[PDB]
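Novice: opening with a subset of the complex:
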Amino acid sequence: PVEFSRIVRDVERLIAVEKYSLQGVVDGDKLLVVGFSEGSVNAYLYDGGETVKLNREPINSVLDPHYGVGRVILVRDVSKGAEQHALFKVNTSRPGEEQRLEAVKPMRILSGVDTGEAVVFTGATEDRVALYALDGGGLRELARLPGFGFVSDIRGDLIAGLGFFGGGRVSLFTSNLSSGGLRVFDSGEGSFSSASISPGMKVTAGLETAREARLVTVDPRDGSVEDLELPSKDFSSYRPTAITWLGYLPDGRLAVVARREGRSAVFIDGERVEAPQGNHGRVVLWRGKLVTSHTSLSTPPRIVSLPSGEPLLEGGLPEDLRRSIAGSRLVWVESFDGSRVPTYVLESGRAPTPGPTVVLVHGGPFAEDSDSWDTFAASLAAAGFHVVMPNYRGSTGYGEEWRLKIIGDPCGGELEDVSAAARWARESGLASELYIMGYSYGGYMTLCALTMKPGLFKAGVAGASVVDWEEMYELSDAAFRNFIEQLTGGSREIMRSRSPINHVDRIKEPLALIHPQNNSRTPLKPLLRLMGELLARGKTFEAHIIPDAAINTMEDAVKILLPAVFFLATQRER
């Protein structure tokens, strides 16, 4: 019999677990960390195992402080949920005492950095996006940005940042604290991901390309770009495909966090440093040792010491729930056409081998399933399901060629990849029985598996799915028409034939629909129509139509996760 309340307790514990990101070193040699729990963010000083809360009421984020600055700048939503913020200053000697920065009117704060004498940030208002500087003399507009943009770093007078300023690529920009202004350096082939300013006032930047990522040196004075060579070749040899973050430490060495194949690595002046498997945040030097944040499919975001991996600050899950979420791994599954599908697997401690396995299909489709904490995967593992997460073609993270392969072929190659994952799970010995579950494009993939690969999965969960492309091409807004057009090669024939609503007759397995009742980007009407067909043709289905369905709170979990875990737990007994 299904242990409904046992599942609800677990989901609640996975939703509440505190998660940490590392922001910097501030005050008297103390770590600045931000903790989130259930959509509630706070900021702390951390030293020697205890933490002191800096803020009063919950915040949205903090700006990045320079090493040793005696204060922290809090960003807070100005109304319950609003998308406009206010800034507050807390002196690190006097935690919990907040001073509103009254010079800065409400606006959308996008990023920020605090040198200790000047707060430099970007912000979006009724009529524009601007880079701003705030100091003891007042607020100044440094520059109008031609789009959303973010401050990456300040050193002396030079400001560096990243902007979405056109071409669908991310550009580098610089400005100055003194005169303002804006120079923009274009990516060309690729897209810039990160930037820090070198002691020599050059901008070091991560350039993401169609293939391998690299570090470049940009001279703001003449716009010249050259490849930067590091003294150690660990970094070059790693062959990174992304560059998460980079920054110069106080002693002048360059710290870089770079990724490949769903996990990241930490380098100092090119030399790799041992780190726990998964993904890392920024790296700081603190009392002579390295510290970074770490997350994985089995570890909620936490602060750790390198190279030991020992956690400094970590949220507490109960012993038994912790045991249920076992290790994660990367396997490369062979799709029907020979292609190798990078697939992450989170094993359940509460399931045998072979055991019940869910193929949890990510959405997007232009997104990546990496080795990072995911509530849904964890909840499935908690509930006694092994979890298989395939980076079907269309995914990001594995080169442009792999992303572009979905184009013109929805419910084709990518479905074969999902299918190959299922089949690998069975053949490798992981799975006794298979389920499929996903949201957004994942939901679409669930409907395509159940109609075009009936008898592969024992049951499916489809959330926030698209059901008929042709209908949506006609209903929706300009940016979404464009997506559908790209995806289907502008073919109405493909639009109809890759729509699952046109194949309801083929479904042989129980289907659970979870769907928002008021979100104009996955509208309800088409889904009512599917339900009408399912009903007319005598299909087994469950449906949950709820208003106001993102997942951060328990309320959100209850609306869109719980029904899927319950349904699946219940089919497991079928």
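Specialist: Here it is on my side, so go on. Numbers count the residues shown, from 1 in each chain, chains lettered A, B, ... in the order given.
Novice: residue A:527 and residue A:208, how far apart?
Specialist: Using Cβ to Cβ, to the nearest Å, one gets 36 Å for the distance from residue A:527 to residue A:208. For every residue, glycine as well, the C-beta is placed using N, CA and C.
Novice: quick check: buried residues in stretch A:546-554?
Specialist: For stretch A:546-554, burial by neighbour count (16 or more other Cβ atoms under 10 Å) applies to A:549, A:551, A:554.
Novice: of these, which is the nearest to residue A:435?
Specialist: Distance from residue A:435 was checked for each of the buried residues of stretch A:546-554 by Cβ to Cβ. The minimum falls on residue A:551, at 19.4 Å.
Novice: the closest residue to the closest one other than its chain neighbours: what's it in contact with?
Specialist: Nearest non-adjacent residue to residue A:551, counting by Cβ to Cβ, 6 or more residues apart in numbering: residue A:557, 5.8 Å away. Each residue near residue A:557 by Cβ atoms under 8 Å, 6 or more residues apart in numbering is listed here: A:11-12, A:15, A:375, A:379, A:551.
Novice: dump those residues into TSV; add secondary structure and distance to residue A:412 as well.
Specialist: TSV is the format used below for the contacts of residue A:557 (DSSP: H, G, I helix; E, B strand; the rest coil; distance: Cβ to Cβ, whole Å):
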residue	secondary structure	distance to residue A:412
A:11	helix	34
A:12	helix	39
A:15	helix	36
A:375	helix	30
A:379	helix	30
A:551	coil	30
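Novice: between those, which is nearest residue A:194?
Specialist: residue A:375 (26.6 Å).
Novice: isn't the closest one right up against residue A:12?
Specialist: No: using Cβ atoms under 8 Å, residue A:375 is not in contact with residue A:12, being 11.0 Å away.
Novice: and the helix or strand in which residue A:41 is found, what other elements does it pack with?
Specialist: Assessed by DSSP states H and E, residue A:41 sits inside strand A:40-47. Other helices and strands packing on strand A:40-47, by 3 or more Cβ pairs under 8 Å, 6 or more residues apart in numbering; DSSP states H and E, are strand A:30-37, strand A:50-53.
Novice: could those go into CSV alongside mean neighbour count and distance to residue A:114?
Specialist: Formatted as CSV, those follow (neighbours: other Cβ atoms under 10 Å; distance: least, Cβ to Cβ, whole Å):
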stretch, mean neighbour count, distance to residue A:114
strand A:30-37, 21, 11
strand A:50-53, 14, 19
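Novice: wait, which of the ones you listed is closest to residue A:148?
Specialist: Residue A:148 lies closest, by Cβ to Cβ, to one member of the helices and strands packed on strand A:40-47: strand A:30-37, at 21.6 Å.
Novice: what angle sits between the closest one and strand A:40-47?
Specialist: 150 degrees (axes from the mean of the first three to the mean of the last three Cα atoms, to 10 degrees).
Novice: off-centre distance for strand A:30-37?
Specialist: The chain centroid and the centroid of strand A:30-37 are separated by 19 Å, computed with Cα atoms, centre = their mean, to the nearest Å.
Novice: now swap in stretch A:8-18 and tell me
Specialist: Centroid separation for stretch A:8-18 versus its chain: 19 Å, with Cα atoms, centre = their mean.
Novice: does residue A:519 count as helix, strand or coil?
Specialist: When classified by DSSP: H, G, I helix; E, B strand; the rest coil, residue A:519 comes out as coil.
Novice: include chain B too:
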Amino acid sequence: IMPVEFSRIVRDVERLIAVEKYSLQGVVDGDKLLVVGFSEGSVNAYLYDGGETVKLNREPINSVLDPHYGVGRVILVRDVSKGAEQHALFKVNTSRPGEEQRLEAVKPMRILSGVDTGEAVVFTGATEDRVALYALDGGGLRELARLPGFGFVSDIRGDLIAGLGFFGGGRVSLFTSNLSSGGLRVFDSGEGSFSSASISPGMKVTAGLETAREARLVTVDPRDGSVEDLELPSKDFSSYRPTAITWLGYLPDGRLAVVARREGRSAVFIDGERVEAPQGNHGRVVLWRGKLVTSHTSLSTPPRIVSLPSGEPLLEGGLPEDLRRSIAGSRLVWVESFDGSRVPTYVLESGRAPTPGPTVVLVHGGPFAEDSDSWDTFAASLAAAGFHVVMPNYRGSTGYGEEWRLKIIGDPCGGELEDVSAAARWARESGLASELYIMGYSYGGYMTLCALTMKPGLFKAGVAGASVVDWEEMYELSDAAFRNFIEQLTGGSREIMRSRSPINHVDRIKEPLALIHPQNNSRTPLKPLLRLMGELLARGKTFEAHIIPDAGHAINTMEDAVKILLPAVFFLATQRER
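Specialist: Okay, here's chain B dropped in alongside the others:
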């Protein structure tokens, strides 16, 4: 503004569904109690003897046919249509628990009732084209007679068959037939309706007759249709002044056992004489090992088997202390409605709510049914979750006389909604309710939708489960029994079918609505509800909807029970924190 306590709610809901519940069906085999029980997460059939039960069935069942005393077998009734209520019958020999034979001579149909004599199975069923009375024996399956609407076999003695029928105007007639020659005979009272029947050693039919505001016992000679009052040797029964008769039957020693009731509590009589029984309601009475055994329930006591007069349980489920305290108390208040009619309304006060506090008007289904001092899993759940529960017997309700029951005929979503609305107002003006919600299943669901369309601003929010949405489309998709029933209820008027369907007044809804519906309900089907969803969306109304797979009206497993009840409680708890 606190956060909803989801984990605490599901745990309470789970335990309240999971408590074992029993009902008494007969004495079979070598003096063993047949009981149908919800236990181990489903509805099953058990023999009780020697302080142990033996499970007769394998897969969950829906009910069993009434055995004659001592018969060497049980006939299981099971839905073989994933909830659409096409049932099939399965024989289990009582010496061989766990082994079923399907009675393949009976094609699936809606089984409404049945009696097993040991040599013949007599039952009533509804197909798409009719209700009928059947007999299955050594010679095969026989249609003894067609019935005009819902009909139920009550007893058989020798070849005399006796039963009750809803054959017009919401009245219940008595009917007889003959096991060998078949045929039908219908007996109507111009005074009221027959409520249960048993055949005397004499081959006359003793029945309850519920009149305007009182009930009595009558004898009906099946040879000439003459009716006369039955006097019993003891007058406790006549002095009890029952307003309704729950059940009656002749025991094997010739004595007449009668369970009758008033104001939502029942009392047990043997040959007219009171037998002490625990306060609440009772089911049939049987003779087991020399003594009397009945079932017993109350708003704080889940259905159990007790022996009489001691009232000591033979089988019962236990609730834990925390949950028992979640019910502070219960009482019957009489609410003045729109025409001066006094509406009997049960109130269950939560031990987890203040006064005034959050209150749910929980509208019973039927509509020929009642809120009484009987266990209600939904009411218990709501009290656990911190709502007081108000349970008004609107006109149409059983239990308070034929006049009150029949006033709903021809007037659905009329006077009975005013009664619900008067109960809502009472909850407020009396000081019980800080805020009001409405919730109901089946006809009660219909009432939620009618309150929300016709009486916007009365309730803060509504939960409509297994609800009626459109009488027209429902009628077209109904089998013979339900078509007849709908005709009766709407007074045969298509105008009423239309004007009293919520689907045609969606625009008026101003409050949030939770819809819960089992996909295969074959009484109130999903299709019209999908159309309501479409109308709610087109007109920008807030709602949520939950459609439960492979289930129908009758919930017979823990899982389905959780899926239909839990969204209700979660919804209402979320609404409370607006």
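Novice: with chain B now part of the structure, what is the answer for the buried residues of stretch A:546-554?
Specialist: Using 16 or more other Cβ atoms under 10 Å in any protein chain shown as the test for burial, stretch A:546-554 gives A:546, A:549, A:551, A:554.
Novice: quote the end-to-end distance of it.
Specialist: One end of stretch A:546-554 sits 15 Å from the other (Cα to Cα, to the nearest Å).
Novice: does it reach chain B?
Specialist: Yes: interface with chain B: stretch A:546-554 contributes A:546-547, A:554 (Cβ under 8 Å from any Cβ of the partner chain).
Novice: for chain B, what are the nearby residues on chain A?
Specialist: Within chain A, the residues that sit near chain B (Cβ under 8 Å from any Cβ) are A:1-2, A:4-5, A:8-9, A:12, A:510, A:512, A:517-518, A:524-525, A:528, A:531-532, A:535, A:540-547, A:554-555, A:558, A:566-567, A:570, A:573.
Novice: now, the residues you listed that are in helices?
Specialist: Assignment to helices by DSSP state H places the following of these there: A:4-5, A:8-9, A:12, A:525, A:528, A:531-532, A:535, A:554-555, A:558, A:566-567, A:570, A:573.
Novice: so among the residues you listed, which ones count as buried?
Specialist: Counted by 16+ other Cβ under 10 Å, these give A:4-5, A:8-9, A:12, A:528, A:531-532, A:535, A:554-555, A:558, A:566-567, A:570 as buried.
Novice: which two among the residues you listed are spaced furthest apart?
Specialist: That would be A:9 and A:532, which, of these, are the farthest apart (Cβ to Cβ) at 36.6 Å.
Novice: the closest residue to chain B within the stretch 1-150 of chain A: what's it in contact with?
Specialist: When scored by Cβ to the nearest Cβ, the stretch 1-150 of chain A has residue A:5 as its residue closest to chain B, at 4.2 Å. By Cβ atoms under 8 Å, 6 or more residues apart in numbering or on different chains, the contact set of residue A:5 is B:7, B:10-11, B:14.
Novice: centre of the chain to the lengthiest helix in chain A, how far?
Specialist: If you go by DSSP H, chain A has its longest helix at helix A:413-427. Here the centre of helix A:413-427 is set off from its chain's centre by 24 Å, with Cα atoms, centre = their mean.
Novice: same check on stretch A:324-341?
Specialist: 20 Å.
Novice: could you do stretch A:282-292 as well?
Specialist: 23 Å.
Novice: is residue A:486 in a helix, a strand, or coil?
Specialist: Following three-state DSSP, we place residue A:486 in the helix state.
Novice: excluding chain neighbours, what is closest to it?
Specialist: residue A:407 (6.0 Å; Cβ to Cβ, 6 or more residues apart in numbering or on different chains).
Novice: need the helices for the stretch 1-150 of chain A, in chain order.
Specialist: Taking DSSP state H, counting those that start in this stretch as the criterion, the stretch 1-150 of chain A contains helices spanning A:4-16.
Novice: ok, the stretch 201-350 of chain A next?
Specialist: In the stretch 201-350 of chain A, the helices defined using DSSP H, counting those that start in this stretch lie at A:234-238, A:319-324.
Novice: any idea how far chain B is from the residue lying closest to residue A:291 once chain neighbours are set aside?
Specialist: Distances taken as Cβ to Cβ, 6+ apart place residue A:284 nearest to residue A:291, at 5.3 Å, with adjacent residues excluded. From residue A:284 across to chain B, the span is 35 Å (Cβ to the nearest Cβ, to the nearest Å).
Novice: for residue A:548, which residues are in contact?
Specialist: Contacts of residue A:548 (Cβ under 8 Å, 6+ apart): A:516, A:518, A:559.
Novice: all set, thanks.
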